[PDB]
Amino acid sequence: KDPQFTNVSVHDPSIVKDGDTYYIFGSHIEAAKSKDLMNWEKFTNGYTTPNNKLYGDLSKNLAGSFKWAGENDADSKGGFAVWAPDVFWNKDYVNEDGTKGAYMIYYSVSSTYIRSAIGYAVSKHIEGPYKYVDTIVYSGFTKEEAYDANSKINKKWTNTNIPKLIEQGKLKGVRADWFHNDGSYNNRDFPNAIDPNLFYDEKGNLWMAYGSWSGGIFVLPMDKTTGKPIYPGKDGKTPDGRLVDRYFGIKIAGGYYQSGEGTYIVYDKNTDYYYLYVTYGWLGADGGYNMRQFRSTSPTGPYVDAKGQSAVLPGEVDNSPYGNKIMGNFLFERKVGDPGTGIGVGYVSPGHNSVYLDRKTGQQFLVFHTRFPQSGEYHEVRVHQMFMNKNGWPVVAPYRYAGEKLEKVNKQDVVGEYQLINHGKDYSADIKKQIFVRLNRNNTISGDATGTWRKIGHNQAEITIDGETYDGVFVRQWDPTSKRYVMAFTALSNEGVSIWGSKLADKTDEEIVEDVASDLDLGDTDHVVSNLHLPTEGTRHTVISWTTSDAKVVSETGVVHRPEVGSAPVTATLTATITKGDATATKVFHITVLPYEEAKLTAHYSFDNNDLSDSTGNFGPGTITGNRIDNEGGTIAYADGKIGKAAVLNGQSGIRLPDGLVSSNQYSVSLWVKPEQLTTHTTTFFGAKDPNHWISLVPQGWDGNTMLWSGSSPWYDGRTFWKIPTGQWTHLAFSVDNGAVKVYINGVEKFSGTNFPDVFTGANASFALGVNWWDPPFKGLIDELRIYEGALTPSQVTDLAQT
């Protein structure tokens, strides 16, 4: 572990270098710095105001733009939306004391998917504070007086700077295309005006590129002295038919509501290309955020990919095949017996890049955020080096930067066995994973694919696979999993498809097989109650073959059979037999499967005596709420029930149950509902230590089906995929045994899942019926609310669905 990292969360980072310091400015007024692109240190205070670091009094300072969006309005209601900034030292800028030189920050304020604007502020010193100057591109404005939900900002186009731009003849007047017919904004062809990128060209002229989804990316020339756009003035098309707009500029990528934002464009002189980066898809874990690359010889476009396809989309089409997919979801998955520990290094939804191009050395760096597998929306910044391949395309390193650099590489150090990921073009929540190949000394590639390779010169890599020639480089990289510097390669085909390779360490088949044994564990095989996951592959296509000493206890796949209540617990032996080549090893596990034990009835509110009593004796009676759990003022009638009399919930009332009704992680609930109507989220059985710690049995959940639901730290979706009938009785129940949760309907298991929260032990919880904190009370009758200490047996539940 020579190298050493120090992480931060900065979302949509724009890299910039002051003196010998690196700096990244992100959305939500986050910023951090580094000497090494490795250890980062945050120096902002987020949205704190005043004494906000970057702005001081955020609200007065930037009031120019909050008038239009980003402060306490529509989607920004209750806070601020200051997004996706870009910073750069502008030496030619004239400050307001008439001196020259200033760090400029362009930012986005947005209050809906379309009503946004770009503004900018200046400081003389990179760390701040920056001071408002002007708000300069707007989107989402209407033809006539219009307002958004939770806003009283006249959206009409006369609230924008456009009036004044026309006043100055910077425009001849309003374009009718900006509006649809109802007069709403034409975000099919015109941009959401966020995600600014400022760049210089071949001659050090300055441009702003911007846009996100909606009509796509435009670019505008900028006045180097005042930082204002030199607006086109006229509509038209460019020679290749791309849109030019008097105000928005020249469309250079995207279109027709399709994804694509986070634009960053870089002039490279060593090749004379304008490299355009843009990030496709949605930013969240399930959105498949992925970075794309094109290039143009002119800053103004046309920008095209490795296949010469336009960045600008022809219609409202899948954008998948456009641009070079240089990075998306991937995972060098640890299989059993791989060194290191845990799942392996991979990213999820990596995107919104910026790039730094060290002027003296040609060295290049991709800087971006990514989420990670099994981390949810948690995000850190990452930095991957990039190297100009032989076709004028920078190719992106597989691992984050760790001091490495381009090198004279010897052939022996390449030859070997690799992990190989292929990024493709497609993008979704799906994660791309490795195959195993080897690069043989006779310049062939064998294993999970077949083909050829060469190393030209010191480092240039040629790889050719079922006709596809990928061009890039070879280079050493830090592998956190093995904790070593490993040889590696990254390379682009003429489809604009990247493949990445990491070298595995030489290892005899004997060696591998013993490694796999050593890593093969099954956890607790002494108190076994549910099926065991028997892995069938180890590292490097190692076959793990499983036999059983008794398939009545457990199958070769790990299907267990719990003996009956009151039966002895049963034993058996599983034999892993691990094989690579002719090498083999053998690890055994002795298993014990436990019989069912009967869960034990602890409270029963039958309502059978026109009262709220617990016929077990164990608990005090229920008492009556209003429409919420912590209020009062309701009525409970007692109508005829599924079994004797039932409670009546009239939509206004609910029932409060003793705190600590449940107090374990080994418990169960049964009850019978006949619902008169169905309101989303409205609970039946509600249990809660507090409003971020609760469990709720819901007839029509967020998916519109019945479901057992738990939130907010963490959420957990017990989805039945089954819809309750009104005006009819339906028996419900659920088990919880230390982590394990099942849910039954009308006797039948509809959900089984795992890792369910322990919400009723380490304090004391409130409990209720039909009411909660937030949603309509329950309408109708609830019957035979039985509560148990133990996880109910499947047979016990079919007894319950019976009468």
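From 1 onward, residues are counted along the sequence shown.
In this crystal structure, the stretch out of 168-176 and 206-214 whose C-alpha atoms carry the higher mean B factor is 168-176.
235-243 and 347-355 differ in mean CA B-factor, and the higher of the two is recorded for 235-243. Between the residues 708, 578, 118, 311, the entry's highest C-alpha temperature factor is the one at 708.
Across 680, 110, 508, 324, the entry's maximum B-factor at the CA atom is seen for 680. Compared with the other modelled residues of the chain, the Cα B-factor recorded for residue 641 ranks in the highest third. Sorting the modelled residues of the chain by their CA temperature factor places residue 788 in the highest third. The PDB entry assigns residue 675 a C-alpha temperature factor belonging to the highest third of its chain's modelled residues. When the CA B factors of the chain's modelled residues are split into thirds, the value for residue 425 lands in the lowest one.
Ranked by C-alpha B-factor against the other modelled residues of its chain, residue 24 falls in the lowest third.
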